[PDB]
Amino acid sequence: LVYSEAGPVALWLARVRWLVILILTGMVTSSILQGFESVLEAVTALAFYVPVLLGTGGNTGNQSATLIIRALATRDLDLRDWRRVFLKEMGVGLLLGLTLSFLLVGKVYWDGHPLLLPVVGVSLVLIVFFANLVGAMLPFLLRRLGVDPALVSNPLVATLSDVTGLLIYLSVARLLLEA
């Protein structure tokens, strides 16, 4: 409604539902991390890079979403184009992944964690790649469902990327460090 004419309790009632849904979805991350407690306890430094990994996926996805939302609005793209966009973006995400990975591997090299060099390097590439597709396709899904991306797309991409990003990161870590 109108912010100028809404009270604190009113704003709370208007915002709480969507935040409760998101956190209930976000709680899964804590379950995912606990399931990988063996690798986490063995190599403490794995925890150090969780925000950057997931945060970079969130940036990448939401950057992708903003582009697709704009194109659909201006009728530069139609709903039927989601497959063509999917095929092109998977090429864009790979390039973005390899680029950003190079920088983060350098950071890990600086911090002095040689075992995490391939772990963080591989994972970020996959994270940026998958976060990019999710960000690219989500506006197509919301337009089809009749939902407006404005207050929905950004946190959805971020929460989905956190969950997917953790699953990728921790699996790579397990495979390379515990196997």
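All residue numbers refer to positions in the sequence shown, first residue = 1.
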Item checked: Comparing 43-51 with 149-157, the one whose average Cα B-factor in the PDB entry is higher -> 149-157
Note to self: Can you tell me whether 139-147 has a higher mean C-alpha B factor than 53-61 in this record, or the other way round?
What the structure shows: 139-147
Item checked: Third of the chain, ranked by Cα B-factor, where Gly121 sits -> middle
Checklist line | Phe86, C-alpha B-factor rank within chain (lowest, middle or highest third) | finding: highest
Notebook entry, point to check: Lowest, middle or highest third: where is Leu170 by C-alpha B factor in its chain?
Noted result: lowest
Item checked: Within-chain third of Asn132 by Cα B-factor, per the entry -> middle
Notebook entry, point to check: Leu94: which third of its chain by C-alpha temperature factor?
Noted result: middle
